[PDB]
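Dumped my_file_38.txt below, it's compact mmCIF, C-alpha atoms and all ligand atoms:
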```
# COMPACT_ATOMS: atom_id res chain seq x y z
CA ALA A 1 0.00 0.00 0.00
CA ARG A 2 0.99 3.65 -0.34
CA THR A 3 2.61 4.90 2.87
CA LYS A 4 4.06 8.24 3.94
CA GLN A 5 7.85 7.91 3.94
CA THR A 6 10.47 10.21 5.46
CA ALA A 7 14.02 9.70 4.19
CA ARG A 8 16.63 11.53 2.11
CA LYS A 9 17.52 10.18 -1.32
CA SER A 10 20.92 10.54 -2.96
CA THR A 11 19.13 12.75 -5.51
CA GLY A 12 18.66 15.54 -2.97
CA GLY A 13 15.54 17.52 -2.26
CA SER A 14 12.89 17.08 0.42
CA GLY A 15 13.04 14.37 3.05
CA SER A 16 9.33 13.56 3.06
CA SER A 17 6.97 12.25 0.39
CA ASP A 18 3.71 13.89 1.54
CA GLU A 19 4.76 16.93 3.55
CA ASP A 20 1.28 18.26 4.44
CA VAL A 21 -0.19 14.84 5.29
CA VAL A 22 -0.86 14.02 8.94
CA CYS A 23 -2.40 10.99 10.60
CA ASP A 24 -6.16 11.41 10.48
CA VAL A 25 -6.50 10.10 14.05
CA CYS A 26 -3.75 11.80 16.07
CA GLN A 27 -2.67 14.42 13.51
CA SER A 28 0.96 13.58 13.90
CA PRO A 29 2.94 14.05 10.66
CA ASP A 30 5.55 11.33 11.29
CA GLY A 31 5.62 7.59 11.04
CA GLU A 32 7.29 5.76 13.90
CA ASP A 33 9.20 2.54 14.52
CA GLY A 34 6.82 -0.29 13.72
CA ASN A 35 4.12 2.32 13.09
CA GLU A 36 3.82 3.22 9.41
CA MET A 37 1.46 5.90 8.13
CA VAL A 38 -0.77 4.07 5.65
CA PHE A 39 -2.98 5.66 2.99
CA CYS A 40 -6.44 4.44 2.14
CA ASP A 41 -6.49 3.92 -1.62
CA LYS A 42 -10.11 5.15 -1.89
CA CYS A 43 -10.63 8.16 0.43
CA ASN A 44 -6.89 8.94 0.79
CA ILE A 45 -6.80 9.38 4.56
CA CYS A 46 -3.47 8.48 6.13
CA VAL A 47 -3.42 6.72 9.52
CA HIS A 48 -0.81 5.20 11.79
CA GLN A 49 -0.85 1.43 12.13
CA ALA A 50 -1.28 1.85 15.89
CA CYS A 51 -3.99 4.49 15.45
CA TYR A 52 -6.20 2.24 13.31
CA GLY A 53 -5.25 -1.35 14.15
CA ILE A 54 -3.27 -2.25 11.02
CA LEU A 55 -1.29 -5.27 12.27
CA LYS A 56 0.80 -5.56 9.09
CA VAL A 57 1.02 -3.21 6.11
CA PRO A 58 -0.40 -5.10 3.10
CA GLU A 59 1.85 -5.24 0.06
CA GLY A 60 -1.19 -4.57 -2.15
CA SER A 61 -3.95 -2.02 -1.75
CA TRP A 62 -5.32 -1.00 1.64
CA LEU A 63 -8.78 0.43 2.32
CA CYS A 64 -10.12 1.81 5.57
CA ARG A 65 -13.16 0.14 7.09
CA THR A 66 -15.81 2.52 5.75
CA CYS A 67 -14.35 2.46 2.23
CA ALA A 68 -13.98 -1.34 2.35
CA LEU A 69 -17.71 -1.55 3.16
CA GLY A 70 -18.76 1.23 0.78
CA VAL A 71 -20.43 3.30 3.51
CA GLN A 72 -20.15 6.97 4.50
CA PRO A 73 -21.58 6.92 8.04
CA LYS A 74 -21.95 9.65 10.62
CA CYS A 75 -20.14 9.47 13.95
CA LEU A 76 -22.18 8.73 17.07
CA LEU A 77 -20.12 11.22 19.06
CA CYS A 78 -19.77 14.25 16.74
CA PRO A 79 -21.40 15.85 13.67
CA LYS A 80 -18.47 15.29 11.28
CA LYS A 81 -18.67 12.86 8.38
CA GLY A 82 -15.59 11.20 6.96
CA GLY A 83 -12.29 10.38 8.57
CA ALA A 84 -10.93 7.30 10.30
CA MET A 85 -13.93 5.50 11.81
CA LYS A 86 -14.56 2.12 13.44
CA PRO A 87 -17.78 0.16 13.95
CA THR A 88 -19.59 -0.61 17.17
CA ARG A 89 -19.69 -4.17 18.51
CA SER A 90 -22.66 -5.13 16.34
CA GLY A 91 -21.60 -3.23 13.21
CA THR A 92 -24.69 -1.00 13.03
CA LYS A 93 -23.09 2.29 14.16
CA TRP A 94 -19.74 4.02 13.69
CA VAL A 95 -17.42 6.25 15.73
CA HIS A 96 -14.33 8.28 14.87
CA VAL A 97 -11.22 6.67 16.31
CA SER A 98 -10.17 10.10 17.60
CA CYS A 99 -13.55 10.66 19.27
CA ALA A 100 -13.26 7.19 20.85
CA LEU A 101 -9.73 7.79 22.13
CA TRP A 102 -10.27 11.28 23.53
CA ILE A 103 -13.64 10.56 25.21
CA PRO A 104 -12.43 8.68 28.31
CA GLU A 105 -15.30 6.26 28.89
CA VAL A 106 -15.27 4.83 25.34
CA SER A 107 -13.56 1.44 25.04
CA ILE A 108 -11.35 0.26 22.20
CA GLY A 109 -11.27 -3.41 23.27
CA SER A 110 -8.19 -4.60 21.42
CA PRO A 111 -5.11 -2.33 21.31
CA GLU A 112 -3.85 -4.36 18.33
CA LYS A 113 -7.07 -4.17 16.29
CA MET A 114 -8.43 -0.81 17.55
CA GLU A 115 -11.98 -2.22 17.47
CA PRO A 116 -14.80 -2.89 18.30
CA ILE A 117 -15.79 0.48 19.74
CA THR A 118 -17.86 -0.17 22.86
CA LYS A 119 -19.03 1.38 26.15
CA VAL A 120 -20.50 4.39 24.33
CA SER A 121 -23.35 4.02 26.85
CA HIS A 122 -20.82 4.57 29.66
CA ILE A 123 -20.33 8.20 28.55
CA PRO A 124 -22.02 10.23 31.32
CA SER A 125 -25.02 12.35 30.36
CA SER A 126 -23.04 15.55 30.99
CA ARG A 127 -20.94 15.05 27.84
CA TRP A 128 -24.10 14.75 25.73
CA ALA A 129 -25.68 17.75 27.48
CA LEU A 130 -22.76 20.07 26.66
CA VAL A 131 -22.87 22.18 23.51
CA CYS A 132 -19.64 22.26 21.51
CA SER A 133 -18.29 25.80 21.70
CA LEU A 134 -16.74 25.43 18.21
CA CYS A 135 -19.70 24.32 16.04
CA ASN A 136 -22.68 24.89 18.41
CA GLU A 137 -24.48 21.71 17.26
CA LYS A 138 -26.50 20.07 20.04
CA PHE A 139 -25.40 16.60 18.99
CA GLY A 140 -22.81 14.05 20.03
CA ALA A 141 -20.52 14.09 23.03
CA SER A 142 -18.12 16.89 23.95
CA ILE A 143 -14.99 16.90 26.07
CA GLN A 144 -13.64 19.83 28.07
CA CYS A 145 -10.39 21.71 28.53
CA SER A 146 -7.88 19.97 30.80
CA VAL A 147 -6.99 23.26 32.51
CA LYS A 148 -8.11 23.69 36.12
CA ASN A 149 -11.67 25.09 36.35
CA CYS A 150 -11.87 25.73 32.60
CA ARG A 151 -15.09 24.06 31.46
CA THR A 152 -15.13 25.11 27.80
CA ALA A 153 -16.51 22.14 25.85
CA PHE A 154 -15.94 20.93 22.30
CA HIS A 155 -16.25 17.91 20.06
CA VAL A 156 -13.02 15.95 19.55
CA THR A 157 -13.12 16.31 15.76
CA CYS A 158 -13.98 20.01 16.08
CA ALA A 159 -11.00 20.41 18.42
CA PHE A 160 -8.70 18.82 15.84
CA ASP A 161 -10.16 20.76 12.91
CA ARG A 162 -9.95 24.14 14.68
CA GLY A 163 -6.32 23.73 15.72
CA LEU A 164 -6.80 23.21 19.45
CA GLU A 165 -3.95 21.63 21.39
CA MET A 166 -4.58 17.87 21.47
CA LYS A 167 -1.93 16.17 23.58
CA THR A 168 -1.07 12.50 24.12
CA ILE A 169 1.18 11.41 26.98
CA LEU A 170 2.79 7.97 26.92
CA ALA A 171 3.40 6.22 30.25
CA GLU A 172 5.70 3.34 31.18
CA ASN A 173 2.97 0.66 31.02
CA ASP A 174 2.17 1.76 27.39
CA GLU A 175 -1.15 3.39 28.28
CA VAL A 176 -1.77 6.79 26.71
CA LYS A 177 -3.38 9.77 28.42
CA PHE A 178 -5.38 12.05 26.10
CA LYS A 179 -5.64 15.76 26.97
CA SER A 180 -7.23 18.71 25.18
CA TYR A 181 -6.93 22.48 25.56
CA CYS A 182 -9.35 25.24 24.53
CA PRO A 183 -8.00 28.06 22.29
CA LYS A 184 -7.25 30.34 25.25
CA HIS A 185 -5.21 27.58 26.93
CA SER A 186 -3.48 25.99 23.93
CA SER A 187 0.30 26.41 23.92
CA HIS A 188 0.76 27.36 20.25
ZN ZN A 201 -1.74 8.64 14.38
ZN ZN A 202 -11.00 5.18 3.03
ZN ZN A 203 -16.73 11.68 15.80
ZN ZN A 204 -18.45 20.65 17.49
ZN ZN A 205 -9.33 26.10 28.72
```
Please rewrite the model in this file as structure tokens.
Ligand SMILES: [Zn+2]
Ligand SMILES: [Zn+2]
Ligand SMILES: [Zn+2]
Ligand SMILES: [Zn+2]
Ligand SMILES: [Zn+2]
Amino acid sequence: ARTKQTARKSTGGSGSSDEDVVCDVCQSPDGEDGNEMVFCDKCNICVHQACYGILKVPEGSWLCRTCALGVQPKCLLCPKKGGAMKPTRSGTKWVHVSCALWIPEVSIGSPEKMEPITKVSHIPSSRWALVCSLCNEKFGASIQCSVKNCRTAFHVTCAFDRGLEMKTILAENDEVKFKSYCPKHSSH
């Protein structure tokens, strides 16, 4: 499959194939050791292996789940269509991987496969009650700024699309903490 590669040829020039391409899930621009950035050959999103559950990069074509099934579903947790999505346990509904990761109560189940997406019902009612301060659509679940006593709310996908600071911290047991910061509190 087509992957984003960073290296320097003997011909000179840039050291990256797709310089403006980021992972659709975590928006990082770089592949990592054992963690290639793989393109979907239909919708052209690029995703880390570890962000989407790609155990091994296929030598042939690769399609994301929604393209492989020929569907364009909405996310249960936000109003955005398109992007890296995974199905619920029974296959009837779909959730953005980023929404699932950044909303704490959502479960991924298998770290290797990054699916099924479960425990959506464990999201407390307060996240559904909030109105995203970025798009103002009374739909889906919103998270809040990690700053002390800042309760500005936003969808995960809206946070990514509007340039908010979305931070991941890696700990020694290989768990990952997911933090988010409103515009006023973002570092950049
Ligand atoms: Zn990623
Ligand atoms: Zn696709
Ligand atoms: Zn979503
Ligand atoms: Zn929103
Ligand atoms: Zn804030």
Could the residues of chain A that have an atom at most 8 Å from ligand ZN 202 (chain A) be listed as CSV, each with its closest atom pair and the distance in Å to one decimal, counting only C-alpha atoms and all ligand atoms and ordered by chain and ascending residue number?
```
residue,atom,partner,partner_atom,distance
A:40,CA,A:ZN202,ZN,4.7
A:41,CA,A:ZN202,ZN,6.6
A:42,CA,A:ZN202,ZN,5.0
A:43,CA,A:ZN202,ZN,4.0
A:44,CA,A:ZN202,ZN,6.0
A:45,CA,A:ZN202,ZN,6.1
A:63,CA,A:ZN202,ZN,5.3
A:64,CA,A:ZN202,ZN,4.3
A:65,CA,A:ZN202,ZN,6.8
A:66,CA,A:ZN202,ZN,6.1
A:67,CA,A:ZN202,ZN,4.4
A:68,CA,A:ZN202,ZN,7.2
A:83,CA,A:ZN202,ZN,7.7
A:84,CA,A:ZN202,ZN,7.6
```
Let me have all residues with an atom within 10 Å of ligand ZN 201 (chain A), counting all atoms listed in the file, laid out as a PyMOL selection string.
chain A and resi 22-32+35-38+46-52+97-98
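CA of residue 57 (chain A) to CA of residue 172 (chain A) spans 26.3 Å [interatomic distance, one decimal].
Remark: for residue 3 (chain A), the closest of the candidate residues A:162, A:58, A:124, A:53 is A:58 (distances computed over only C-alpha atoms).
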Using all atoms listed in the file, what does the table of region 67-112 of chain A residues within 8 Å of region 137-149 of chain A look like, with each row giving the shortest atom pair and its distance in Å to one decimal, sorted by chain and ascending number, as JSON lines?
```
{"residue": "A:76", "atom": "CA", "partner": "A:140", "partner_atom": "CA", "distance": 6.1}
{"residue": "A:77", "atom": "CA", "partner": "A:140", "partner_atom": "CA", "distance": 4.0}
{"residue": "A:78", "atom": "CA", "partner": "A:140", "partner_atom": "CA", "distance": 4.5}
{"residue": "A:79", "atom": "CA", "partner": "A:139", "partner_atom": "CA", "distance": 6.7}
{"residue": "A:102", "atom": "CA", "partner": "A:143", "partner_atom": "CA", "distance": 7.8}
{"residue": "A:103", "atom": "CA", "partner": "A:143", "partner_atom": "CA", "distance": 6.5}
```
Minimum-distance residue to ligand ZN 204 (chain A), chosen among A:156, A:117, A:75, A:123 (using only C-alpha atoms and all ligand atoms):
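Once distances to ligand ZN 204 (chain A) are computed over only C-alpha atoms and all ligand atoms, the minimum belongs to A:156.
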Counting all atoms listed in the file, figure out which residue out of A:106, A:135, A:158, A:164 gets nearest to ligand ZN 203 (chain A).
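Nearest to ligand ZN 203 (chain A): A:158.
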Produce as JSON, numbers by chain the set of residues near ligand ZN 205 (chain A), where near means within 6 Å with all atoms listed in the file considered.
{"A": [145, 147, 150, 152, 181, 182, 184, 185]}
Would you mind telling me which residue in A:159, A:1, A:54, A:169 lies nearest to ligand ZN 203 (chain A) when using only C-alpha atoms and all ligand atoms?
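Distance minimum relative to ligand ZN 203 (chain A) lands on A:159.
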From the set A:88, A:126, A:168, A:72, which residue has the shortest atom-to-atom contact distance to residue 101 (chain A), counting only C-alpha atoms?
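For residue 101 (chain A), the nearest of the given residues is A:168.
Remark: for ligand ZN 204 (chain A), the closest of the candidate residues A:122, A:89, A:179, A:81 is A:81 (distances computed over all atoms listed in the file).
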In Å, rounded to a single decimal, give me how far CA of residue 171 (chain A) is from CA of residue 87 (chain A).
27.4 Å
Quick one: pull the distance between CA of residue 95 (chain A) and CA of residue 74 (chain A), Å, one decimal.
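CA of residue 74 (chain A) lies at a distance of 7.6 Å from CA of residue 95 (chain A).
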Assuming 4 Å of padding per side, give the centre and edge lengths of the axis-aligned box around every listed atom of region 95-110 of chain A, in Å to one decimal and as lines of an AutoDock Vina configuration file.
```
center_x = -12.8
center_y = 3.3
center_z = 21.9
size_x = 17.2
size_y = 23.9
size_z = 22.0
```
